[PDB]
Every structure is written in structure tokens, then in C-alpha cells.
């Protein structure tokens, strides 16, 4: 017997899936990955449920202040989101001290403004002065005035329902299931439409126009990208095998990063949040790097922004199934695309972000640039760019692609850009 409990509200949208309120319990009957067959205890109905909407009874995940599988940087982003205030906190798996837990607390500071400070927890305790049998008790105490903390505990971090998992056994779907409602953009290779999958589900469809490339071999290449899932890559949901091929991805509410930075709201975005974007793209490129693959076309036009202002990477694994200002020299000439050729493109993308979407090398045509890259000309630093940030672009713009950084390093440098190493966690006597 395995009892689980709902963490959020879910209304059914399919045939054999269940509806449940927050707090409903149910018996796990089958573990089919993203979807589980369960029998509700409230309605006694047997059906399918999203496994990422429930957890085992009286687990820590059930608790409103606990956050599973979240990094220190995500915990920082989640707390500095709108809807939280002074004292807003969370308890999470310690990213560094594995098998243990850390506490992230929102705090204000005149020097910078809102910040997130992190304390490690070691029965548990932070300072030997105060011992605690369990976390909830430990929480309660620190809600009663800051016992050494930078602030007194107020409310757990605001969380929203995760994205509903895709329909089961629906990697290949008929076109009839779709209603392409609005053309978002078109190009030399096809159109990107925003659509709807059998009502209830809002998707975006990339219509791949008929060609030589992968007529019967697209599904093959495309089936690999499906296994390269990441929180910072655009999620591939479904595919239409009948030519013209349709690619169903998740809908990114605020379009491309390029169009977004050129937007009004985008122009309002300050500098530390632009670097936050960069650190997200770098996080995604660090994954493609770990899988020893390649994106082949990094630019703001290929970065999408969610409604929550989360940057994700598209298309990826598309240039291998079919423009040079973002391209490194050793690919313009020798046609050699490495993971380091993307590093160059990231440096360009970085500048593209700091300049709010300004075209690289402005008032400077393509041929008038290639002959400068041989001289050693690089784009200059603008007034609004940190010296230590232009420093990174230049490292991405090294002539030797071997002495260019890794995305693993680039991400780490961008994640704690305003944080000194020693200041990551707080000391307490």
C-alpha cells in the first residue's frame, strides 16, 4: 500500500485522468512515469494523475516551507520573485552538503536592496544554542524573532502549480488534434504558430516546410532531442509525422529574448536581472556541454522567455537538420562547429543582452566585420556594461577556441556575480 497526497489543485482535462483538490489523498496503483494510476480516497475513483503533483504522506515535500531538488540560485530566484517579502523563507536539500538541508531566508540590505541569505542546518540545529527535534519546531522558533538570523521568519516561499505533464502515449499525434490559432513568426524554413491541443492545452507549433533534410529520418533525430530535457531548454511535447512536419513545444508567453529586450517592459529590466538571464542560458548551455552536444546557433532570437521571466533555449538540434555575426571565425572559415564555437556566440549574445537587443557590430556589414576579426577587432564595452562582464565576453572571443571558457565555468561566474565566495553561506557562532 502506498498513500500519496495532492500538493496543488488539479482539474482533469483528459478521459481517464482524475480531478483532486489540495490535500486529497489517493492510493498509487501504477507508476507509469509522469502519469500514475491512482484511486482517490475522496471520490474513490480510479484514474490517472500527474506524479509531480503528489508526494508520499507526511513527507517533507508536503510541508509548505520545504522545497525539493532546488539549487541555491533557484532558491534565490524563487524568493526574489514577486509575491514574497521580508522574512519569506524556504527549507531545501543542501546542494553542497548532500543528504542534508539548508534554509534560505529573504532579507533587506540598504546597500543592495532585497537579498537572499543562506544558512546550513546540521536532530537538527544551526547554532548549538538552539537544538530542535525536527524542522517544523525549528521553523516555529525562528518565526519567534531572529535567533541570530538576518531576519525573522515570516511566510514560506510562494510557489505555483508546475506545468501539467503531456498526454500519455502522445509523442505522435494527428494534425486534427491541433488548432493553429495565430502565426507568431515565419522564416525561410517554416512558421511558428501558437496553437491548442484538443482544447485545454496551449502549445506552440513550428511547421517544418518540406525539404531534403530528414524526410523519413527526422523522427530519428527528433527522438534524441526528446531525451535531452532540461529546465532551461524549450520542452518538446509532440510531433506530426505527416509532411509538413509539425513540432509541438511548450508555449513561452513573452516570445523571444530579442523581441523582449526590445520591448517596453524589457527596457525596464535592470542590469542584475540581465545577468540572471545570461546565467540561465549559460545553465542550459552547460547541459548541452555535459552531453557533449552542440546548439550551433546561439543568439537572442533563439532564446524564449516565459511569463515568469525564465529564459529557455530553442531550437537546439535543429541546425543539424538543415547568420554569421554570432558565428566564431573557425566556423565561418573552416566550418568547424565545436562547443567552443557556441562560447563565442554566447559572448556575442551577452553583449546583445547588455545592449538590449542591439545588432552586433552596429553600422557594420558582414564583410566589414570578418576582415576585422582577422585584425583582432572586438566589440567595445558600452557605458552600462560592467568591466568584469566585458572581461567574460573577451574570454569567449579568444582566437584560440581551446583557451575559451567552459559553460560550466561561465555559469558559475554569472550565478554568483554579485556574491563573494565566502559570502555564499552565513557564519553563526
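Numbering follows the first chain given and starts at 1. Think of the rigid core as the biggest set of C-alphas that the two forms share within 1.5 Å after superposition.
Between 219-227 and 70-78, greater CA displacement relative to the shown form is found for 219-227 when the structures in 9 other deposited structures of this protein are fitted on the core.
In 9 other deposited structures of this protein, superposed by the rigid core, the C-alpha atoms of 165-173 lie farther from the shown form than the other of 165-173 and 297-305. Deposited sequence between residue 271 and residue 272: no residues lack coordinates (chain continuous).
Where residue 168 is followed by residue 169 in the displayed chain, the model omits none of the deposited residues that would sit between the two.
As the entry records it, the average C-alpha temperature factor is higher for 212-220, out of 212-220 and 301-309. Higher average CA B factor: 109-117, of the stretches 109-117 and 344-352. Out of 196, 163, 256, 102, the entry records its largest CA B-factor for 163. Between the residues 280, 249, 151, 71, the entry's highest C-alpha temperature factor is the one at 151. Sorting the modelled residues of the chain by their CA temperature factor places residue 381 in the middle third. In this PDB entry, residue 426 carries a Cα temperature factor that places it within the middle third of its chain's modelled residues.
Residue 59: CA B factor lies in the highest third for its chain, per the PDB record. When all modelled residues of the chain are sorted by CA temperature factor, residue 260 is found within the lowest third. In the PDB entry, a CA B factor belonging to the middle third of its chain's modelled residues is recorded for residue 42.
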